[PDB]
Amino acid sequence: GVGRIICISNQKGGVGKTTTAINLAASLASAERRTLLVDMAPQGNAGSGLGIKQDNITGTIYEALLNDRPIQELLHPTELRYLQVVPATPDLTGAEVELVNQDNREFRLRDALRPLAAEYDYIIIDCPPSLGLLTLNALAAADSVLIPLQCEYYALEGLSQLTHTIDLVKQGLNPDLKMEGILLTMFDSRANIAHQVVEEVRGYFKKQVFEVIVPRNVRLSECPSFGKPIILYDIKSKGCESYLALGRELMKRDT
């Protein structure tokens, strides 16, 4: 009766982690899958893109990671009945430093999500652009990791270090961690490197790469400024189509 915990990870900055976390979560919630979106990035963009931002640590994931507060007390409503959010704080930067000298440092999120595991169908964890303790808590809590891979050079160059870190995680912190898949993002057919990224990544990772590609689409960058996922901003747009298709692929794997 337990749902699936998926972390959205890539230490390269600006590759579509949060756009993916928000729009995947909203797609699932629109299909009446109970979905929780947990923002583990100090920047707090997953919460902000859904109209949620907290003035201090109260009501944020920080309280569950360091202060033993039940995550049940930290659920925030959204415009979708089946989507709740646990938001971040910039104080998560300090939390990562505080956790270095604490016990069970990598399992704070894993342990905090236990009281909810069978209350949600999906728990989506948005990661910051880093491989530090916030991202490691996400990877240690997740059943699977979904890698958004921007179709540009620096993102491609960093993929090996990300998969190496996932392999290290499977050697101890979380042996059961599975690759949900690599999602090609921010694709632009006019850029010849974009085509090379698609070919190389599909060539090597094959069925670990999602069939759907997320195109560069200005509507995806507009909707967070209105605090809306793309399905509530411009449902016709190709970007919203891409994330609905991703949602359908994941829900197939749970039928």
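We number the residues from 1 along the sequence you see.
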- Query: Comparing 35 to 43 with 209 to 217, which stretch shows the greater average C-alpha B-factor in the deposited entry?
  - Reply: 209 to 217
- Comparing 110 to 118 with 154 to 162, which stretch shows the greater average C-alpha B-factor in the deposited entry? 110 to 118
- Message: Take the CA temperature factors straight from the PDB entry and tell me which of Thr135, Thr78, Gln171, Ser144 peaks.
- Response: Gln171
- Highest Cα B-factor in the deposition, which of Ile61, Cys223, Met186, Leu50? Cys223
- Item | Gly181, C-alpha B-factor rank within chain (lowest, middle or highest third) | middle
- Message: Splitting the chain's C-alpha B-factors into thirds, which one does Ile230 fall into?
- Response: middle
- Hey, what third does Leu246 fall into on Cα B-factor, ranked over its chain? middle
- Taking the C-alpha B-factors as the PDB entry records them, is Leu99 in the lowest, middle or highest third of its chain? highest
- Item | Assigned third (lowest, middle, highest) for the C-alpha B factor of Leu83 | lowest
